[PDB]
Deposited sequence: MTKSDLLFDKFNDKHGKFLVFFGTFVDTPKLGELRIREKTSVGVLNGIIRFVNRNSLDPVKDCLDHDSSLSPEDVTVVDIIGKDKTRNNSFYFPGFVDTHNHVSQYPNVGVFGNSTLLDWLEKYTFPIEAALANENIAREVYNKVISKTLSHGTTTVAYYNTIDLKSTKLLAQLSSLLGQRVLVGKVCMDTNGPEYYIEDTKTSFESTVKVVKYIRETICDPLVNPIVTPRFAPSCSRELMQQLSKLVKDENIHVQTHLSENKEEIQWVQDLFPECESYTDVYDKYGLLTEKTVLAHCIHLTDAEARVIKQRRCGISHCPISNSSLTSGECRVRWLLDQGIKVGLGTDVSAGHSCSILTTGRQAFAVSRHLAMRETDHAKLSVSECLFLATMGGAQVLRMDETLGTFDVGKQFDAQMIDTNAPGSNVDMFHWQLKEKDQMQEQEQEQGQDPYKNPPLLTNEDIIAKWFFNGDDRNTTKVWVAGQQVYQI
């Protein structure tokens, strides 16, 4: 436990303060106290003295130095969309697309997690696994079950991950074994919000109102949830414009509205803290509404490709000023890793560029931005998360490209006559061939929550 202890981390710090930038700070000291970065000193010669210069009140006794050539600190990844309850089905989907996959795999597994013994095992596994891949902040969809959603929030608090935890709302178009009535769906949401805020009462654990998607939620439910969201200033998360059959269904179910996006708009769910997953098939008018309402988009490339949903037009969304982050979308996406997700965002953008010009491509640094600051923006936490900057939370991971078993390797003669690698090249090697085995330590709010 590091509360009350002044920390200073010394070494190389890599982050992405602006889309397209990759900031690499060598031989740098980062002072941290009670989870908050207090200073960042490049070319630091004396990390302890940097702390004493920063605060007259300190003595050398009060300072803990943490010392990092092939290693660097990187911010924690932000997973803006993850159905923790679906994790038993990662890799399991066959030839199916969205609506068949929901019926065949997803409602069955979510219903099964009403068993607290199963749910506890799944939650412990997913929180620990995502942390081990460097995910420090995650927006979780759970299930319609109040009690299991409360357990997920409790275990999140215990294990030290930064989370938003949602009870899924479904009062229409679900199987009889896995559906709510309207009053229960609303009242259970009120209870979970109060329980998280007043009982769990942990700055790292937030509620989030979670209408599953428009086919699952009546107009009455959406309007009731809207009012709660407004009155209590709560995050919202839902799916939008993922699959062509889904979109046709929404049009058939809500023909009084102009579009899928207009359904959420008219029934009050589009806010500055609304996280919209997928957003593939949007019209220009829909994207314009999203921009105007200041919602954020969770780009889920692994799911989108795996379920043959489509290609998210990430550059087109960014070009309009919409904030975009990455989501794993477990289990439609098979991976718990936002690094894996970033690699697939890179690939998807090139499938689009094959037809839509090079403008559509995302660079390595842009994908790392989406994986960190982008997700922080989508969660309206970018003032406190996503980079190594004064005043922000020390949510961070240690990357060691020479960790045991690493698939990232570099020959001595490549390191600064044969061609030499830049620092940027080293980061790219981790981006493409790194995995969890290179994440050796993870900190959330300046507390070490994971050790390899």
query = Can you list the gaps, numbered from 1 on the deposited sequence, where no C-alpha is modelled?
reply = 1-12, 81-87, 436-453
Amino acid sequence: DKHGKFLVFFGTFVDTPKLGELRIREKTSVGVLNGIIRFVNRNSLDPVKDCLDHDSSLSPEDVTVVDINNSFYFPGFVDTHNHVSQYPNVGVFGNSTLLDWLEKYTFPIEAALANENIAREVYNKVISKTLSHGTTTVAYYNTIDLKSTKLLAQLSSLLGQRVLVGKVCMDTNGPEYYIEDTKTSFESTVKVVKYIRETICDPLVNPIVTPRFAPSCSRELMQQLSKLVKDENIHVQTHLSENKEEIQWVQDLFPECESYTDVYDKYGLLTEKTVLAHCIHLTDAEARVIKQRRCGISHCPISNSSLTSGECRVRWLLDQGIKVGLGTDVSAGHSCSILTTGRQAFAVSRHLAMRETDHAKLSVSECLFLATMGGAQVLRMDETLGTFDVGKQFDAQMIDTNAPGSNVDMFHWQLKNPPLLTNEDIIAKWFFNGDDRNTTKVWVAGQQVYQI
From here on, numbers count along this sequence of modelled residues.
task = Could you settle it for me: does 183-191 or 94-102 have the higher average Cα B factor in the PDB entry?
result = 183-191
task = Could you check the entry and say whether 226-234 or 74-82 has the higher mean CA B-factor?
result = 226-234
Identity of residue with top Cα B-factor, from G374, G310, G134, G174 = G174
inquiry  = Looking at the C-alpha B-factor values in the deposited entry, which of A396, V408, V65, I399 comes out highest?
reply    = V65
note = Binned into thirds over the chain's modelled residues, the C-alpha B-factor of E245 lands in the middle
query = Going by the entry, which third of its chain does the Cα temperature factor of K129 land in?
reply = highest
inquiry  = Taking only the Cα B-factors deposited for this chain, tell me whether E258 sits in the lowest, middle or highest third.
reply    = highest
task = Consider only the C-alpha atoms of the modelled residues in this chain, order them by B-factor as the entry records it, and name the third containing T199: lowest, middle or highest.
result = highest
message = Splitting the chain's C-alpha B-factors into thirds, which one does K147 fall into?
response = highest
